[PDB]
file start39.txt (compact mmCIF, N, CA and C atoms)
# COMPACT_ATOMS: atom_id res chain seq x y z
N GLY A 1 39.47 -162.98 -97.94
CA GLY A 1 39.43 -161.83 -98.83
C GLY A 1 38.16 -161.01 -98.66
N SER A 2 37.56 -160.61 -99.78
CA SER A 2 36.34 -159.81 -99.75
C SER A 2 35.12 -160.67 -100.06
N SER A 3 34.25 -160.84 -99.07
CA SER A 3 33.04 -161.64 -99.24
C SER A 3 32.08 -160.97 -100.23
N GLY A 4 31.82 -159.69 -100.01
CA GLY A 4 30.92 -158.96 -100.88
C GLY A 4 29.75 -158.35 -100.13
N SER A 5 29.01 -159.19 -99.41
CA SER A 5 27.85 -158.73 -98.65
C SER A 5 27.15 -157.59 -99.38
N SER A 6 27.02 -157.72 -100.70
CA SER A 6 26.36 -156.70 -101.51
C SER A 6 24.98 -156.38 -100.96
N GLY A 7 24.23 -157.42 -100.61
CA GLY A 7 22.89 -157.23 -100.08
C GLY A 7 22.04 -156.35 -100.97
N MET A 8 21.51 -155.27 -100.39
CA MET A 8 20.67 -154.34 -101.14
C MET A 8 19.52 -155.08 -101.82
N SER A 9 18.96 -156.07 -101.13
CA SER A 9 17.86 -156.85 -101.68
C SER A 9 16.64 -156.79 -100.76
N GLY A 10 16.40 -155.60 -100.20
CA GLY A 10 15.26 -155.43 -99.31
C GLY A 10 13.95 -155.79 -99.97
N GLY A 11 12.86 -155.71 -99.21
CA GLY A 11 11.55 -156.03 -99.74
C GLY A 11 11.29 -157.53 -99.75
N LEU A 12 11.63 -158.20 -98.66
CA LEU A 12 11.43 -159.64 -98.55
C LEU A 12 10.03 -160.03 -99.03
N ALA A 13 9.86 -161.30 -99.38
CA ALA A 13 8.58 -161.80 -99.84
C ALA A 13 8.42 -163.28 -99.54
N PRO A 14 7.17 -163.76 -99.54
CA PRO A 14 6.86 -165.17 -99.26
C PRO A 14 7.31 -166.09 -100.38
N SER A 15 7.99 -165.52 -101.38
CA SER A 15 8.48 -166.30 -102.51
C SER A 15 8.88 -167.71 -102.07
N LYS A 16 8.72 -168.67 -102.98
CA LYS A 16 9.07 -170.05 -102.69
C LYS A 16 10.29 -170.13 -101.78
N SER A 17 11.39 -169.52 -102.22
CA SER A 17 12.63 -169.52 -101.45
C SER A 17 12.33 -169.49 -99.95
N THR A 18 11.70 -168.41 -99.50
CA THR A 18 11.36 -168.25 -98.09
C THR A 18 11.01 -169.59 -97.46
N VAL A 19 11.41 -169.77 -96.20
CA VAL A 19 11.13 -171.01 -95.49
C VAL A 19 10.37 -170.73 -94.19
N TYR A 20 9.16 -171.28 -94.10
CA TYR A 20 8.33 -171.09 -92.92
C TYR A 20 8.80 -171.98 -91.77
N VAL A 21 9.44 -171.36 -90.78
CA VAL A 21 9.95 -172.08 -89.62
C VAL A 21 9.23 -171.65 -88.35
N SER A 22 8.77 -172.63 -87.58
CA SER A 22 8.06 -172.35 -86.33
C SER A 22 8.72 -173.08 -85.16
N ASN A 23 8.33 -172.71 -83.95
CA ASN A 23 8.87 -173.33 -82.74
C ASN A 23 10.37 -173.05 -82.63
N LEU A 24 10.79 -171.88 -83.10
CA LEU A 24 12.20 -171.50 -83.04
C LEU A 24 12.53 -170.81 -81.72
N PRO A 25 13.75 -171.03 -81.23
CA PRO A 25 14.22 -170.43 -79.97
C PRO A 25 14.43 -168.93 -80.09
N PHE A 26 13.35 -168.17 -79.92
CA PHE A 26 13.42 -166.71 -80.00
C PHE A 26 14.60 -166.18 -79.20
N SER A 27 14.99 -166.91 -78.16
CA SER A 27 16.10 -166.51 -77.31
C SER A 27 17.29 -166.04 -78.15
N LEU A 28 17.40 -166.59 -79.35
CA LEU A 28 18.49 -166.23 -80.25
C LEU A 28 18.20 -164.90 -80.95
N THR A 29 19.09 -164.51 -81.87
CA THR A 29 18.93 -163.27 -82.61
C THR A 29 19.05 -163.51 -84.11
N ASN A 30 18.52 -162.58 -84.89
CA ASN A 30 18.57 -162.68 -86.35
C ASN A 30 19.88 -163.33 -86.80
N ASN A 31 20.99 -162.82 -86.29
CA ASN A 31 22.31 -163.36 -86.64
C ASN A 31 22.36 -164.86 -86.42
N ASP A 32 21.99 -165.29 -85.21
CA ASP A 32 22.00 -166.71 -84.87
C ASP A 32 21.33 -167.53 -85.96
N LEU A 33 20.04 -167.29 -86.17
CA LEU A 33 19.28 -168.01 -87.19
C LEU A 33 19.99 -167.97 -88.54
N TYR A 34 20.34 -166.76 -88.98
CA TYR A 34 21.02 -166.58 -90.25
C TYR A 34 22.07 -167.67 -90.46
N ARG A 35 22.83 -167.96 -89.41
CA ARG A 35 23.87 -168.98 -89.48
C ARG A 35 23.28 -170.37 -89.31
N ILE A 36 22.48 -170.55 -88.26
CA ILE A 36 21.85 -171.84 -87.99
C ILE A 36 21.25 -172.43 -89.26
N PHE A 37 20.72 -171.57 -90.12
CA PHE A 37 20.12 -172.01 -91.37
C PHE A 37 21.14 -172.02 -92.50
N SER A 38 22.26 -171.33 -92.28
CA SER A 38 23.32 -171.25 -93.28
C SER A 38 23.98 -172.61 -93.48
N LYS A 39 23.71 -173.53 -92.56
CA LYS A 39 24.28 -174.88 -92.63
C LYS A 39 23.69 -175.65 -93.81
N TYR A 40 22.51 -175.24 -94.25
CA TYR A 40 21.85 -175.90 -95.37
C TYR A 40 22.04 -175.11 -96.66
N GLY A 41 21.69 -173.83 -96.62
CA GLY A 41 21.84 -172.99 -97.80
C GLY A 41 22.16 -171.55 -97.44
N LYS A 42 22.65 -170.80 -98.42
CA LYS A 42 23.00 -169.40 -98.21
C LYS A 42 21.76 -168.57 -97.88
N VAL A 43 21.88 -167.71 -96.88
CA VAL A 43 20.77 -166.85 -96.47
C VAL A 43 21.01 -165.40 -96.89
N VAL A 44 19.96 -164.76 -97.39
CA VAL A 44 20.06 -163.37 -97.82
C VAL A 44 19.44 -162.43 -96.79
N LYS A 45 18.27 -162.80 -96.28
CA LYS A 45 17.57 -161.99 -95.29
C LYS A 45 16.84 -162.87 -94.29
N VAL A 46 16.77 -162.42 -93.04
CA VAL A 46 16.09 -163.16 -91.99
C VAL A 46 14.84 -162.43 -91.52
N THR A 47 13.68 -163.05 -91.73
CA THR A 47 12.41 -162.46 -91.33
C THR A 47 11.84 -163.17 -90.11
N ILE A 48 11.19 -162.41 -89.24
CA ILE A 48 10.60 -162.96 -88.03
C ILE A 48 9.21 -162.38 -87.78
N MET A 49 8.28 -163.24 -87.37
CA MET A 49 6.91 -162.81 -87.10
C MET A 49 6.79 -162.24 -85.69
N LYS A 50 5.76 -161.43 -85.47
CA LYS A 50 5.53 -160.81 -84.17
C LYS A 50 4.04 -160.67 -83.89
N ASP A 51 3.66 -160.91 -82.64
CA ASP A 51 2.26 -160.81 -82.24
C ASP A 51 1.87 -159.35 -81.98
N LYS A 52 0.58 -159.12 -81.75
CA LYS A 52 0.08 -157.78 -81.49
C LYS A 52 0.01 -157.51 -79.99
N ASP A 53 -0.63 -158.41 -79.26
CA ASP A 53 -0.77 -158.27 -77.81
C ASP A 53 0.55 -158.59 -77.11
N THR A 54 0.89 -159.87 -77.06
CA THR A 54 2.12 -160.31 -76.41
C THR A 54 3.33 -159.57 -76.98
N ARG A 55 3.35 -159.40 -78.30
CA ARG A 55 4.45 -158.71 -78.96
C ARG A 55 5.73 -159.54 -78.90
N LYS A 56 5.60 -160.83 -79.19
CA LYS A 56 6.75 -161.74 -79.16
C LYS A 56 6.86 -162.50 -80.48
N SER A 57 8.03 -163.09 -80.72
CA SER A 57 8.27 -163.85 -81.94
C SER A 57 7.45 -165.13 -81.95
N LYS A 58 7.46 -165.84 -80.83
CA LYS A 58 6.71 -167.09 -80.70
C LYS A 58 7.31 -168.17 -81.60
N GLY A 59 8.60 -168.04 -81.90
CA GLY A 59 9.27 -169.01 -82.74
C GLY A 59 8.98 -168.80 -84.21
N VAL A 60 7.75 -168.42 -84.53
CA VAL A 60 7.35 -168.18 -85.91
C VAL A 60 8.30 -167.22 -86.60
N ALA A 61 9.19 -167.76 -87.43
CA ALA A 61 10.15 -166.95 -88.15
C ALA A 61 10.29 -167.42 -89.60
N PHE A 62 10.48 -166.47 -90.51
CA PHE A 62 10.62 -166.78 -91.92
C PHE A 62 12.06 -166.59 -92.38
N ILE A 63 12.63 -167.62 -92.99
CA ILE A 63 14.00 -167.57 -93.48
C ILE A 63 14.04 -167.41 -95.00
N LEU A 64 14.69 -166.35 -95.46
CA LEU A 64 14.80 -166.08 -96.89
C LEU A 64 16.10 -166.66 -97.45
N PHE A 65 15.97 -167.60 -98.38
CA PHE A 65 17.13 -168.23 -99.00
C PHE A 65 17.41 -167.63 -100.37
N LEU A 66 18.54 -168.01 -100.96
CA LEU A 66 18.92 -167.51 -102.28
C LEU A 66 18.30 -168.36 -103.38
N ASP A 67 18.43 -169.68 -103.25
CA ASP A 67 17.88 -170.60 -104.24
C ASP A 67 16.88 -171.56 -103.59
N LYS A 68 15.66 -171.58 -104.12
CA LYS A 68 14.62 -172.45 -103.60
C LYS A 68 15.16 -173.85 -103.33
N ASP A 69 15.87 -174.40 -104.32
CA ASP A 69 16.44 -175.73 -104.19
C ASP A 69 17.17 -175.89 -102.86
N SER A 70 17.91 -174.85 -102.47
CA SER A 70 18.66 -174.87 -101.22
C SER A 70 17.71 -174.84 -100.02
N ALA A 71 16.65 -174.05 -100.13
CA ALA A 71 15.67 -173.94 -99.06
C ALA A 71 15.03 -175.29 -98.74
N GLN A 72 14.53 -175.96 -99.78
CA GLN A 72 13.90 -177.26 -99.61
C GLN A 72 14.71 -178.14 -98.67
N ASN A 73 15.98 -178.34 -99.00
CA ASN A 73 16.86 -179.17 -98.18
C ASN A 73 16.64 -178.89 -96.69
N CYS A 74 16.61 -177.61 -96.34
CA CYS A 74 16.41 -177.21 -94.95
C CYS A 74 14.99 -177.54 -94.48
N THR A 75 14.01 -177.28 -95.34
CA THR A 75 12.62 -177.56 -95.02
C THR A 75 12.39 -179.05 -94.80
N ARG A 76 13.39 -179.85 -95.13
CA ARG A 76 13.30 -181.30 -94.97
C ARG A 76 14.34 -181.80 -93.97
N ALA A 77 15.36 -180.99 -93.73
CA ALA A 77 16.43 -181.35 -92.80
C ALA A 77 15.99 -181.12 -91.36
N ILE A 78 15.42 -179.95 -91.10
CA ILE A 78 14.96 -179.61 -89.76
C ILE A 78 13.51 -180.03 -89.55
N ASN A 79 12.76 -180.10 -90.64
CA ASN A 79 11.35 -180.49 -90.58
C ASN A 79 11.19 -181.80 -89.83
N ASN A 80 10.24 -181.84 -88.90
CA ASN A 80 9.98 -183.03 -88.11
C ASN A 80 11.20 -183.42 -87.29
N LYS A 81 11.71 -182.47 -86.52
CA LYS A 81 12.88 -182.70 -85.68
C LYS A 81 12.80 -181.89 -84.39
N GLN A 82 13.78 -182.09 -83.51
CA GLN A 82 13.82 -181.37 -82.24
C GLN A 82 15.09 -180.53 -82.13
N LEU A 83 14.91 -179.24 -81.87
CA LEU A 83 16.04 -178.33 -81.74
C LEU A 83 15.91 -177.47 -80.49
N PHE A 84 17.04 -177.07 -79.92
CA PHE A 84 17.05 -176.25 -78.72
C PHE A 84 15.99 -176.71 -77.73
N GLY A 85 15.66 -178.00 -77.79
CA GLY A 85 14.66 -178.55 -76.89
C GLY A 85 13.25 -178.11 -77.25
N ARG A 86 12.94 -178.14 -78.55
CA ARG A 86 11.62 -177.74 -79.02
C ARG A 86 11.40 -178.19 -80.46
N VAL A 87 10.38 -179.01 -80.67
CA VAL A 87 10.06 -179.52 -82.00
C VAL A 87 9.85 -178.37 -82.99
N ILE A 88 10.74 -178.28 -83.97
CA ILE A 88 10.65 -177.24 -84.98
C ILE A 88 9.99 -177.75 -86.26
N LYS A 89 9.09 -176.95 -86.82
CA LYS A 89 8.39 -177.32 -88.04
C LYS A 89 8.78 -176.41 -89.20
N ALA A 90 9.15 -177.01 -90.32
CA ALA A 90 9.54 -176.25 -91.50
C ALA A 90 8.61 -176.53 -92.67
N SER A 91 8.30 -175.49 -93.43
CA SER A 91 7.41 -175.62 -94.58
C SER A 91 7.57 -174.43 -95.53
N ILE A 92 7.59 -174.72 -96.83
CA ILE A 92 7.74 -173.67 -97.84
C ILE A 92 6.57 -172.70 -97.79
N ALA A 93 6.85 -171.46 -97.38
CA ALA A 93 5.82 -170.43 -97.29
C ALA A 93 5.31 -170.05 -98.67
N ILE A 94 4.26 -170.73 -99.12
CA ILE A 94 3.68 -170.46 -100.43
C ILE A 94 2.18 -170.74 -100.43
call {"tool": "encode", "arguments": {"input": "start39.txt", "output": "structure tokens"}}
result
Amino acid sequence: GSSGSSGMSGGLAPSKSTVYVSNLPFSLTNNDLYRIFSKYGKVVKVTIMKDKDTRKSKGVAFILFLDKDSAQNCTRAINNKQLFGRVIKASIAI
């Protein structure tokens, strides 16, 4: 039927919800991550860090969740693990 995808929630923030993820396979795209993290909790917006010189993601990406409770699960599910052949670190950006 109709999902809704209301969105209209711009202005991302480091709010608890947000999940600090590093060592991510930049090779992917916002969409990819959005889903990859959707396995734990619903995602509203996908944020990614960028360097000044190199101008690359460097894995450092921030995932915005709907409910902090849901985020934690992910911050503990992927935290201290190996993905896409690269140890990924998760931590509540606060």
call {"tool": "closest_residue", "arguments": {"input": "start39.txt", "among": "A:33, A:17, A:52, A:24", "to": "residue A:84", "atoms": "all atoms listed in the file"}}
result
A:24
call {"tool": "closest_residue", "arguments": {"input": "start39.txt", "among": "A:15, A:30, A:91, A:47", "to": "residue A:62", "atoms": "all atoms listed in the file"}}
result
A:47
call {"tool": "atom_distance", "arguments": {"input": "start39.txt", "atom1": "atom CA of residue A:13", "atom2": "atom C of residue A:80"}}
result
25.1 Å
call {"tool": "atom_distance", "arguments": {"input": "start39.txt", "atom1": "atom N of residue A:72", "atom2": "atom N of residue A:57"}}
result
23.9 Å
call {"tool": "residues_around", "arguments": {"input": "start39.txt", "residues": "residue A:40", "least_positions_apart": "5", "cutoff": "7 Å", "atoms": "all atoms listed in the file", "output": "list in words"}}
result
residues 35, 70, 71, 73 and 74 of chain A
call {"tool": "atom_distance", "arguments": {"input": "start39.txt", "atom1": "atom C of residue A:49", "atom2": "atom N of residue A:5"}}
result
26.3 Å
call {"tool": "residues_around", "arguments": {"input": "start39.txt", "residues": "residue A:26", "least_positions_apart": "2", "cutoff": "8 Å", "atoms": "all atoms listed in the file", "output": "PDB file with N, CA and C atoms, in the frame of the given file"}}
result
ATOM      1  N   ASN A  23       8.330-172.710 -83.950  1.00  0.00           N
ATOM      2  CA  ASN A  23       8.870-173.330 -82.740  1.00  0.00           C
ATOM      3  C   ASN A  23      10.370-173.050 -82.630  1.00  0.00           C
ATOM      4  N   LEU A  24      10.790-171.880 -83.100  1.00  0.00           N
ATOM      5  CA  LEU A  24      12.200-171.500 -83.040  1.00  0.00           C
ATOM      6  C   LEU A  24      12.530-170.810 -81.720  1.00  0.00           C
ATOM      7  N   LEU A  28      17.400-166.590 -79.350  1.00  0.00           N
ATOM      8  CA  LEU A  28      18.490-166.230 -80.250  1.00  0.00           C
ATOM      9  C   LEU A  28      18.200-164.900 -80.950  1.00  0.00           C
ATOM     10  N   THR A  29      19.090-164.510 -81.870  1.00  0.00           N
ATOM     11  CA  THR A  29      18.930-163.270 -82.610  1.00  0.00           C
ATOM     12  C   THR A  29      19.050-163.510 -84.110  1.00  0.00           C
ATOM     13  N   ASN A  30      18.520-162.580 -84.890  1.00  0.00           N
ATOM     14  CA  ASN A  30      18.570-162.680 -86.350  1.00  0.00           C
ATOM     15  C   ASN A  30      19.880-163.330 -86.800  1.00  0.00           C
ATOM     16  N   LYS A  56       5.600-160.830 -79.190  1.00  0.00           N
ATOM     17  CA  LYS A  56       6.750-161.740 -79.160  1.00  0.00           C
ATOM     18  C   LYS A  56       6.860-162.500 -80.480  1.00  0.00           C
ATOM     19  N   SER A  57       8.030-163.090 -80.720  1.00  0.00           N
ATOM     20  CA  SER A  57       8.270-163.850 -81.940  1.00  0.00           C
ATOM     21  C   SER A  57       7.450-165.130 -81.950  1.00  0.00           C
ATOM     22  N   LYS A  58       7.460-165.840 -80.830  1.00  0.00           N
ATOM     23  CA  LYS A  58       6.710-167.090 -80.700  1.00  0.00           C
ATOM     24  C   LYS A  58       7.310-168.170 -81.600  1.00  0.00           C
ATOM     25  N   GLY A  59       8.600-168.040 -81.900  1.00  0.00           N
ATOM     26  CA  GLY A  59       9.270-169.010 -82.740  1.00  0.00           C
ATOM     27  C   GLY A  59       8.980-168.800 -84.210  1.00  0.00           C
ATOM     28  N   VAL A  60       7.750-168.420 -84.530  1.00  0.00           N
ATOM     29  CA  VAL A  60       7.350-168.180 -85.910  1.00  0.00           C
ATOM     30  C   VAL A  60       8.300-167.220 -86.600  1.00  0.00           C
TER      31      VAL A  60
END
call {"tool": "select_by_dssp", "arguments": {"input": "start39.txt", "residues": "stretch 48-81 of chain A", "states": "alpha helix (DSSP H)", "output": "list in words"}}
result
residues 68, 69, 70, 71, 72, 73, 74, 75, 76 and 77 of chain A
call {"tool": "residues_near_point", "arguments": {"input": "start39.txt", "point": "(11.9, -166.5, -96.6)", "cutoff": "5 Å", "atoms": "all atoms listed in the file", "output": "NGL selection string"}}
result
:A and (17-19 or 62-65)
call {"tool": "write_last_selection", "arguments": {"input": "start39.txt", "atoms": "N, CA and C atoms", "output": "mmCIF file, in the frame of the given file"}}
result
data_model
loop_
_atom_site.group_PDB
_atom_site.id
_atom_site.type_symbol
_atom_site.label_atom_id
_atom_site.label_comp_id
_atom_site.auth_asym_id
_atom_site.auth_seq_id
_atom_site.Cartn_x
_atom_site.Cartn_y
_atom_site.Cartn_z
ATOM 1 N N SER A 17 11.390 -169.520 -102.220
ATOM 2 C CA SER A 17 12.630 -169.520 -101.450
ATOM 3 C C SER A 17 12.330 -169.490 -99.950
ATOM 4 N N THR A 18 11.700 -168.410 -99.500
ATOM 5 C CA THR A 18 11.360 -168.250 -98.090
ATOM 6 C C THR A 18 11.010 -169.590 -97.460
ATOM 7 N N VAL A 19 11.410 -169.770 -96.200
ATOM 8 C CA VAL A 19 11.130 -171.010 -95.490
ATOM 9 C C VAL A 19 10.370 -170.730 -94.190
ATOM 10 N N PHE A 62 10.480 -166.470 -90.510
ATOM 11 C CA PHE A 62 10.620 -166.780 -91.920
ATOM 12 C C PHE A 62 12.060 -166.590 -92.380
ATOM 13 N N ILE A 63 12.630 -167.620 -92.990
ATOM 14 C CA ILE A 63 14.000 -167.570 -93.480
ATOM 15 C C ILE A 63 14.040 -167.410 -95.000
ATOM 16 N N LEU A 64 14.690 -166.350 -95.460
ATOM 17 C CA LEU A 64 14.800 -166.080 -96.890
ATOM 18 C C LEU A 64 16.100 -166.660 -97.450
ATOM 19 N N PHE A 65 15.970 -167.600 -98.380
ATOM 20 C CA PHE A 65 17.130 -168.230 -99.000
ATOM 21 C C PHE A 65 17.410 -167.630 -100.370
#
call {"tool": "closest_residue", "arguments": {"input": "start39.txt", "among": "A:43, A:36, A:48, A:87", "to": "residue A:66", "atoms": "all atoms listed in the file"}}
result
A:43
call {"tool": "select_by_dssp", "arguments": {"input": "start39.txt", "residues": "stretch 3-73 of chain A", "states": "strand (DSSP E)", "output": "list in words"}}
result
residues 19, 20, 21, 22, 43, 44, 45, 46, 47, 48, 61, 62, 63, 64 and 65 of chain A
call {"tool": "closest_residue", "arguments": {"input": "start39.txt", "among": "A:8, A:93, A:44, A:61", "to": "residue A:22", "atoms": "only N, CA and C atoms"}}
result
A:61
call {"tool": "decode", "arguments": {"input": "start39.txt", "residues": "stretch 37-71 of chain A", "atoms": "N, CA and C atoms", "output": "PDB file, in the first residue's frame"}}
result
ATOM      1  N   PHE A  37      21.407  -0.673   7.861  1.00  0.00           N
ATOM      2  CA  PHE A  37      21.127  -0.334   9.251  1.00  0.00           C
ATOM      3  C   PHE A  37      19.649  -0.533   9.572  1.00  0.00           C
ATOM      4  N   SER A  38      18.830  -0.631   8.529  1.00  0.00           N
ATOM      5  CA  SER A  38      17.394  -0.820   8.699  1.00  0.00           C
ATOM      6  C   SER A  38      17.093  -2.192   9.294  1.00  0.00           C
ATOM      7  N   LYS A  39      18.097  -3.062   9.294  1.00  0.00           N
ATOM      8  CA  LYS A  39      17.942  -4.408   9.834  1.00  0.00           C
ATOM      9  C   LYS A  39      17.772  -4.370  11.350  1.00  0.00           C
ATOM     10  N   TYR A  40      18.245  -3.294  11.967  1.00  0.00           N
ATOM     11  CA  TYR A  40      18.145  -3.135  13.412  1.00  0.00           C
ATOM     12  C   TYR A  40      16.982  -2.220  13.782  1.00  0.00           C
ATOM     13  N   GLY A  41      16.971  -1.024  13.202  1.00  0.00           N
ATOM     14  CA  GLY A  41      15.911  -0.073  13.481  1.00  0.00           C
ATOM     15  C   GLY A  41      15.582   0.797  12.284  1.00  0.00           C
ATOM     16  N   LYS A  42      14.425   1.446  12.326  1.00  0.00           N
ATOM     17  CA  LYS A  42      13.993   2.315  11.238  1.00  0.00           C
ATOM     18  C   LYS A  42      14.912   3.525  11.110  1.00  0.00           C
ATOM     19  N   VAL A  43      15.290   3.849   9.878  1.00  0.00           N
ATOM     20  CA  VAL A  43      16.165   4.986   9.619  1.00  0.00           C
ATOM     21  C   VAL A  43      15.394   6.143   8.995  1.00  0.00           C
ATOM     22  N   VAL A  44      15.684   7.357   9.454  1.00  0.00           N
ATOM     23  CA  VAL A  44      15.019   8.547   8.940  1.00  0.00           C
ATOM     24  C   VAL A  44      15.924   9.311   7.979  1.00  0.00           C
ATOM     25  N   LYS A  45      17.186   9.467   8.364  1.00  0.00           N
ATOM     26  CA  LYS A  45      18.156  10.177   7.537  1.00  0.00           C
ATOM     27  C   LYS A  45      19.542   9.553   7.668  1.00  0.00           C
ATOM     28  N   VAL A  46      20.302   9.578   6.578  1.00  0.00           N
ATOM     29  CA  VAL A  46      21.648   9.017   6.571  1.00  0.00           C
ATOM     30  C   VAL A  46      22.697  10.110   6.404  1.00  0.00           C
ATOM     31  N   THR A  47      23.534  10.281   7.424  1.00  0.00           N
ATOM     32  CA  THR A  47      24.582  11.293   7.391  1.00  0.00           C
ATOM     33  C   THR A  47      25.954  10.657   7.195  1.00  0.00           C
ATOM     34  N   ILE A  48      26.818  11.341   6.455  1.00  0.00           N
ATOM     35  CA  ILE A  48      28.162  10.843   6.194  1.00  0.00           C
ATOM     36  C   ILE A  48      29.197  11.955   6.333  1.00  0.00           C
ATOM     37  N   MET A  49      30.331  11.627   6.943  1.00  0.00           N
ATOM     38  CA  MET A  49      31.402  12.597   7.136  1.00  0.00           C
ATOM     39  C   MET A  49      32.279  12.696   5.891  1.00  0.00           C
ATOM     40  N   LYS A  50      32.982  13.815   5.756  1.00  0.00           N
ATOM     41  CA  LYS A  50      33.859  14.033   4.612  1.00  0.00           C
ATOM     42  C   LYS A  50      35.093  14.834   5.016  1.00  0.00           C
ATOM     43  N   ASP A  51      36.239  14.473   4.449  1.00  0.00           N
ATOM     44  CA  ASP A  51      37.490  15.158   4.750  1.00  0.00           C
ATOM     45  C   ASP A  51      37.615  16.443   3.935  1.00  0.00           C
ATOM     46  N   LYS A  52      38.643  17.230   4.235  1.00  0.00           N
ATOM     47  CA  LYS A  52      38.876  18.485   3.531  1.00  0.00           C
ATOM     48  C   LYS A  52      39.842  18.286   2.368  1.00  0.00           C
ATOM     49  N   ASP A  53      40.988  17.680   2.654  1.00  0.00           N
ATOM     50  CA  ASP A  53      41.996  17.426   1.631  1.00  0.00           C
ATOM     51  C   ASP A  53      41.572  16.275   0.724  1.00  0.00           C
ATOM     52  N   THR A  54      41.650  15.056   1.247  1.00  0.00           N
ATOM     53  CA  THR A  54      41.277  13.871   0.484  1.00  0.00           C
ATOM     54  C   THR A  54      39.867  14.003  -0.081  1.00  0.00           C
ATOM     55  N   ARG A  55      38.956  14.528   0.733  1.00  0.00           N
ATOM     56  CA  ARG A  55      37.571  14.706   0.314  1.00  0.00           C
ATOM     57  C   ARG A  55      36.873  13.359   0.152  1.00  0.00           C
ATOM     58  N   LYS A  56      37.065  12.478   1.128  1.00  0.00           N
ATOM     59  CA  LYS A  56      36.455  11.154   1.096  1.00  0.00           C
ATOM     60  C   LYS A  56      35.687  10.877   2.385  1.00  0.00           C
ATOM     61  N   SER A  57      34.815   9.874   2.345  1.00  0.00           N
ATOM     62  CA  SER A  57      34.017   9.510   3.509  1.00  0.00           C
ATOM     63  C   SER A  57      34.896   8.918   4.607  1.00  0.00           C
ATOM     64  N   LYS A  58      35.780   8.005   4.220  1.00  0.00           N
ATOM     65  CA  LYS A  58      36.681   7.361   5.168  1.00  0.00           C
ATOM     66  C   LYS A  58      35.911   6.452   6.121  1.00  0.00           C
ATOM     67  N   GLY A  59      34.751   5.981   5.673  1.00  0.00           N
ATOM     68  CA  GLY A  59      33.939   5.106   6.498  1.00  0.00           C
ATOM     69  C   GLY A  59      33.137   5.867   7.535  1.00  0.00           C
ATOM     70  N   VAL A  60      33.738   6.912   8.097  1.00  0.00           N
ATOM     71  CA  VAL A  60      33.074   7.724   9.108  1.00  0.00           C
ATOM     72  C   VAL A  60      31.713   8.206   8.618  1.00  0.00           C
ATOM     73  N   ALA A  61      30.654   7.558   9.095  1.00  0.00           N
ATOM     74  CA  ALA A  61      29.298   7.924   8.707  1.00  0.00           C
ATOM     75  C   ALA A  61      28.362   7.917   9.911  1.00  0.00           C
ATOM     76  N   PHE A  62      27.417   8.851   9.926  1.00  0.00           N
ATOM     77  CA  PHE A  62      26.461   8.954  11.022  1.00  0.00           C
ATOM     78  C   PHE A  62      25.075   8.497  10.579  1.00  0.00           C
ATOM     79  N   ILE A  63      24.500   7.560  11.325  1.00  0.00           N
ATOM     80  CA  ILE A  63      23.176   7.037  11.010  1.00  0.00           C
ATOM     81  C   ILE A  63      22.124   7.597  11.961  1.00  0.00           C
ATOM     82  N   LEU A  64      21.114   8.252  11.396  1.00  0.00           N
ATOM     83  CA  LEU A  64      20.040   8.834  12.193  1.00  0.00           C
ATOM     84  C   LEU A  64      18.867   7.867  12.315  1.00  0.00           C
ATOM     85  N   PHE A  65      18.563   7.465  13.544  1.00  0.00           N
ATOM     86  CA  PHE A  65      17.462   6.542  13.796  1.00  0.00           C
ATOM     87  C   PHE A  65      16.227   7.291  14.289  1.00  0.00           C
ATOM     88  N   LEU A  66      15.115   6.574  14.404  1.00  0.00           N
ATOM     89  CA  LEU A  66      13.865   7.169  14.863  1.00  0.00           C
ATOM     90  C   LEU A  66      13.779   7.149  16.386  1.00  0.00           C
ATOM     91  N   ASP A  67      14.074   5.994  16.973  1.00  0.00           N
ATOM     92  CA  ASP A  67      14.034   5.842  18.424  1.00  0.00           C
ATOM     93  C   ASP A  67      15.391   5.397  18.961  1.00  0.00           C
ATOM     94  N   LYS A  68      15.937   6.174  19.890  1.00  0.00           N
ATOM     95  CA  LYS A  68      17.230   5.861  20.487  1.00  0.00           C
ATOM     96  C   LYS A  68      17.323   4.381  20.839  1.00  0.00           C
ATOM     97  N   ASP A  69      16.294   3.871  21.508  1.00  0.00           N
ATOM     98  CA  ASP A  69      16.259   2.466  21.902  1.00  0.00           C
ATOM     99  C   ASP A  69      16.637   1.564  20.732  1.00  0.00           C
ATOM    100  N   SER A  70      16.125   1.890  19.549  1.00  0.00           N
ATOM    101  CA  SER A  70      16.406   1.106  18.353  1.00  0.00           C
ATOM    102  C   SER A  70      17.864   1.261  17.931  1.00  0.00           C
ATOM    103  N   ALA A  71      18.382   2.479  18.052  1.00  0.00           N
ATOM    104  CA  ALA A  71      19.764   2.761  17.685  1.00  0.00           C
ATOM    105  C   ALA A  71      20.733   1.918  18.507  1.00  0.00           C
TER     106      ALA A  71
END
